[PDB]
Peer 1: 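Got a structure for you, written out below as structure tokens; questions coming shortly.
As the structure lists them, so they are numbered: ligands from 1, and atoms in each ligand from 1. What's counted below: heavy atoms across the whole structure, side chains too, no hydrogens, waters or symmetry copies. Reminder, nothing fancy here: chain letters follow the sequence lines and each chain counts from 1.
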Number of protein chains: 2
Amino acid sequence: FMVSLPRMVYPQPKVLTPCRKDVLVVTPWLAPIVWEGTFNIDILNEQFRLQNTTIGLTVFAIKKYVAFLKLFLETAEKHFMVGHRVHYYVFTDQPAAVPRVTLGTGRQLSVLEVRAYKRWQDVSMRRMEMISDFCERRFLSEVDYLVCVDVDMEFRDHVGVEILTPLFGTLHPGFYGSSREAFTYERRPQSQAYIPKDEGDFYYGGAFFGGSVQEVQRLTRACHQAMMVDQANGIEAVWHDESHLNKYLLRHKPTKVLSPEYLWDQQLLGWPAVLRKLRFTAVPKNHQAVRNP
Amino acid sequence: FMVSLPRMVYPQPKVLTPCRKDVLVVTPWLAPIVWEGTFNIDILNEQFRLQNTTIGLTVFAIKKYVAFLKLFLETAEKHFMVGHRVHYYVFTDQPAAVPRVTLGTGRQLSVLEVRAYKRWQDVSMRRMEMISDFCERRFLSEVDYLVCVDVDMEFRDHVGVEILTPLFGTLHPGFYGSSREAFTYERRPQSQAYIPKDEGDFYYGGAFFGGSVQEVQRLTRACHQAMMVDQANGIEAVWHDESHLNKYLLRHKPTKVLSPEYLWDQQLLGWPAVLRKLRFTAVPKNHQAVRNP
Ligand SMILES: O=c1ccn([C@@H]2O[C@H](COP(=O)(O)OP(=O)(O)O)[C@@H](O)[C@H]2O)c(=O)[nH]1
Ligand SMILES: O=c1ccn([C@@H]2O[C@H](COP(=O)(O)OP(=O)(O)O)[C@@H](O)[C@H]2O)c(=O)[nH]1
Ligand SMILES: [Mn+2]
Ligand SMILES: [Mn+2]
């Protein structure tokens, strides 16, 4: 149940004025595509607070990637769902190495100890299994929504309840203006992740997805099952978990899609006009240095 | 539980191309505004057919308004939810005057015998009470979604699963391009339907709303209760059931808004360029004669 909104004073939504003229703001299956200017955060905050919404945020900090935790959590405190209940879930092989970040009221952090796979490919891919496992163990009773992100990142601006929905994917910043033929989907038919050349809506980033606990539970379970079939078949998807994520979101359409404001790399891409805000962004790293012992 | 969609070939959604540049396609609370050009019906049909969706359609034909039934029903067969399970509910004081209209496969019609009120105002307003009663009696078991419309209407083009959502209202054709101060909301603070000159998102039409049975139940019961409070306070809202629908949808935001394609009057308004399709339209009638003996 949802009680009545209180009286609010805000500008009238003009029916004959498009909210954006430079970008697509709704998918052909009527999912909103979340850009700045498409929402009034005041209305959405009211809606979500009146539900006492608790948002879980999962992040994996395995082996050397513990180094990204401090900036990730400090910026999450400044920008991620401020005013709402938040439960951080840090998956790590090194519980002692989780920095002691001071948290706002109504926000808590849990450390979930897990195994460190040797191969970086397995570290990234096994996040699906691990999320799925803890959806059972913990998240179903603890939180309403889950948001699942990469750690080598920082919040630079608002990430709030505008993203919340049963299932969401984010536009990968490298491909939002590309034709589907250029998307780096899995193209080998022997993989469970395969998408043919004439299919695909968007190229979603592996670094930012989520939804309700139930929907994230289903997504991560499915992606993990597809990975195991691939492994038994002696194939490993070209872009690992992001490939299986893309396959899943093609056949199970997300109920919102996040613009690349939510997933960016300023060093490689600048700050284009179509991006009114840069919300969540890559922290520079040396792949070979950081991903191996 | 949702099964995967099958393989489908369709044009790629273009992120840097707006689907409409002339109209607002999403509300500030991230509810789609349904216009032609915003949806791919093939994907939506797939989505809803896979869930085995049943749509109820309520229509009141009390006293002389039985005359409208034939054209309403014949055109519904041509244009309303074709391919999906439909259940028409005809509320009438004259069961024998319901025309024997031939129905497509998977479609059925039930006659709901109710009282006739003397005043047109009460016939219109009392639909809220009657819908609400039958939401308990029949609808919750029988259908997934309810579509609640005026009978003095004909379908002229597609009205399909693009409208379906937990709660929707429709932009009144007379007001979509108006400033909120010109909306004919109830303006007397003495009425439960009162909305101040500085509030209001849209002027929703009383002739087309719906949603899940759960949400329609809530809306209709709330609107009836508000009418009864007003009755005890010796006030009748200016636009009757429509006034109360408008107060309700201000405080409980619909999860889709239908554009005026879905509620039009060509005689009064012509055929403007922002209307790519005229889907559901008023049949000419004389007020003086049809609303009274
Ligand atoms: O040694 C590793 C490798 C990966 N990861 C996690 O898996 C994510 C995905 O890896 P990465 O960010 O390297 O993928 P990229 O953004 O570079 O494509 C990282 O953000 C971490 O959350 C980790 O914790 N330790
Ligand atoms: O004598 C009446 C008066 C009203 N209605 C029903 O109530 C709706 C609202 O009335 P009407 O269409 O006249 O309202 P208008 O479109 O003129 O505002 C109609 O479409 C009918 O379904 C009816 O059945 N018989
Ligand atoms: Mn990363
Ligand atoms: Mn009418």
Peer 1: Which pair of heavy atoms, one from A:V213 and one from A:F139, lies closest together, and at what distance?
Peer 2: CG2-O, 3.6 Å
Peer 1: For atom 8 (C) of ligand 1, what is the nearest protein heavy atom, given as residue, atom name and distance?
Peer 2: A:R127 NH1, 3.6 Å
Peer 1: Could you say whether the N/O atoms of A:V151 and ligand 1 ever approach to under 3.5 Å?
Peer 2: yes
Peer 1: Return the residue, atom name and 0.1 Å-rounded distance of the protein heavy atom closest to atom 16 (O) of ligand 1.
Peer 2: A:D150 OD2, 3.4 Å
Peer 1: What residue and atom, counting heavy atoms only, is the protein's closest point to atom 22 (O) of ligand 1, and at what distance?
Peer 2: A:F60 O, 2.7 Å
Peer 1: Between A:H240, A:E242, A:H287, A:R126, which one has a non-hydrogen atom sitting closest to atom 18 (O) of ligand 1?
Peer 2: A:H287
Peer 1: Provide the number and element of each atom of ligand 1 under 4.0 Å from a heavy atom of A:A61.
Peer 2: 24 (O)
Peer 1: Just to confirm my output: which protein heavy-atom neighbour is closest to atom 3 (C) of ligand 1, and how far is it?
Peer 2: A:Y65 CE1, 3.5 Å
Peer 1: Measure centre to centre between the rings of B:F208 and B:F280, then say whether the value is under 6.0 Å.
Peer 2: yes
Peer 1: How many angstroms lie between CZ in A:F209 and CD1 in A:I131, if you round to the nearest 0.5 Å?
Peer 2: 4.0 Å
Peer 1: Nearest protein heavy-atom contact for atom 24 (O) of ligand 1: which residue, which atom, what distance?
Peer 2: A:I62 N, 2.8 Å
Peer 1: Does any N or O in the side chain of A:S212 come within less than 3.5 Å of the main-chain N or O of A:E215, such that one atom is a donor and the other an acceptor?
Peer 2: yes
Peer 1: If the plane angle is over 60° it's perpendicular, under 30° parallel, otherwise tilted; pick one for B:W120 and B:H240.
Peer 2: perpendicular
Peer 1: Examine A:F155 together with A:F72 and report whether their ring centres are nearer than 6.0 Å.
Peer 2: yes
Peer 1: Nearest 0.5 Å please: distance from the CG atom of B:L219 over to the CZ atom of B:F168.
Peer 2: 10.5 Å
Peer 1: So which protein heavy atom does atom 5 (N) of ligand 1 come closest to, and at what separation?
Peer 2: A:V123 CG1, 3.7 Å
Peer 1: So does A:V238 get a backbone contact from the side chain of A:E186, meaning a donor-acceptor N/O pair under 3.5 Å?
Peer 2: yes
Peer 1: Would you compute the distance between atom CG of A:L103 and atom OH of A:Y88 and round it to the nearest 0.5 angstrom?
Peer 2: 6.0 Å
Peer 1: Polar-atom distance check: A:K285 versus ligand 1, any N or O pair below 3.5 Å?
Peer 2: yes
Peer 1: Distance check, rounded to the nearest 0.5 Å: A:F68 atom CZ versus A:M153 atom CE?
Peer 2: 11.0 Å
Peer 1: Listing by chain and number, which protein N, O or S atoms are under 2.8 Å from the Mn ion (ligand 3)?
Peer 2: A:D150 OD2, A:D152 OD1, A:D152 OD2
Peer 1: Students should be able to answer this: which protein heavy-atom is nearest to atom 20 (O) of ligand 1, and at what distance?
Peer 2: A:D152 OD1, 2.9 Å
Peer 1: Any donor-acceptor pair under 3.5 Å linking the side chain of A:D93 with the backbone of A:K63?
Peer 2: yes
